[PDB]
């Protein structure tokens, strides 16, 4: 595959999410750009339906791992770019400890010159007074490492990892993520050796934006493969 050649520059990004959490429906649209050479993503997300009924941080992982920076000695382990431009399906279950779960299905693929992430999210069994529907989480996102393993029996990858949301009261809300990715096209894809993605996030607000929104800067860098002999 030569999909990685599509990410040598800066690439415009469009994100569209339709969500339904305990019957609270919402839509999010995001736009920005990705710079995989630096592992850098910059986007602004808008809740186009008005008030977002869940905290913005709970949506970060759902709202484009093809922009991770894979070091040269790990380029052969980059499943995400190898599937491009036909893309891959990214499906998760996000189980919030002592609360509800998200189920997400996304298609990540090129539409013209834009990398598009189109997501359907359903949230189920949440507590209306809980940390999620009750808007009790801090507006931030801890740095985290998430391990990738190949899933040869589906021609893809999988990953399980924990996200720790900071609660306003000083506690931590665990979001247990179970993830599976599989390609859309039938072309050749790289099934990686075991490794991890290292992620940092900076969440902010646009002073001139009156709608409910999130400005996000994210860095994702691949690691965990020994750069051994040569």
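Numbering (this note's numbering), first residue to last: 23 to 252. Where is the CB? At the ideal position from N, CA and C, for every residue including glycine.
Please tell me whether residue 186 has its Cβ less than 8 Å away from any Cβ of chain D.
Judged by its chain identifiers, the structure shown contains no chain D, having just a single protein chain.
Taking the continuous alpha helix (DSSP H) assigned at residue 104, which residues delimit it?
Counting along the chain, the unbroken alpha helix (DSSP H) around residue 104 starts and ends at 101-104.
Cutting at 8 Å between CB atoms, please list the residues of its own chain near residue 156, excluding the five before and the five after it.
Taken in chain order, the residues that qualify are 149, 150.
Which residues DSSP lists as bridging residue 236, in chain order
Answer is 67.
How is the beta strand (DSSP E) around residue 52 delimited, first residue to last?
That run of the beta strand (DSSP E) goes 46-57.
Quick check: the Cα distance between residue 46 and residue 71, rounded to an integer number of angstroms?
Between residue 46 and residue 71, the C-alpha separation is close to 11 Å.
Nearest-angstrom Cβ-Cβ length linking residue 129 and residue 209, presumed shorter than 8 Å:
Not a contact, Cβ separation roughly 16 Å.
Determine which residues share a DSSP beta bridge with residue 195 and list them.
Paired residues: 187.
DSSP state of residue 231 mapped onto helix, strand, coil
In the structure shown, residue 231 falls within a coil segment according to DSSP collapsed to helix, strand and coil.
Here's the rule I'm using: 16 or more other beta-carbon atoms within 10 Å means buried, otherwise exposed. How should residue 104 be labelled?
When all chains shown are included, residue 104 counts as buried.
Whole-Å CB distance - residue 74 paired with residue 48, under 8 Å assumed:
Yes, they are in contact, since the Cβ atoms of residue 74 and residue 48 sit about 6 Å apart, within 8 Å.
Which term fits residue 100, buried or exposed, when burial requires 16 or more other beta carbons within 10 angstroms of its beta carbon?
So residue 100 counts as buried.
For residue 34, the first and last residue of its enclosing beta strand (DSSP E)
Residues 32-43.
In three-state terms, what does DSSP make of residue 25?
Annotated three-state conformation of residue 25 is helix, per DSSP.
Using CA atoms only, rank isn't needed, just tell me which of 242, 227, 37 is closest to residue 235.
Comparing alpha-carbon positions, the option among 242, 227, 37 lying closest to residue 235 turns out to be 227.
Return the chain-ordered list of same chain residues with a C-beta closer than 8 Å to the C-beta of residue 215, the five sequence neighbours on each side being excluded.
99, 172, 247, listed in sequence order.
For the region 129-146 against the region 33-45, are there 3 or more C-beta pairs whose distance is under 8 Å?
The region 129-146 makes contact with the region 33-45, as at least three CB pairs between them are under 8 Å.
Looking at residue 56 and residue 102, is the spacing between their C-beta atoms short of 8 Å?
The answer is no: Cβ separation not under 8 Å.
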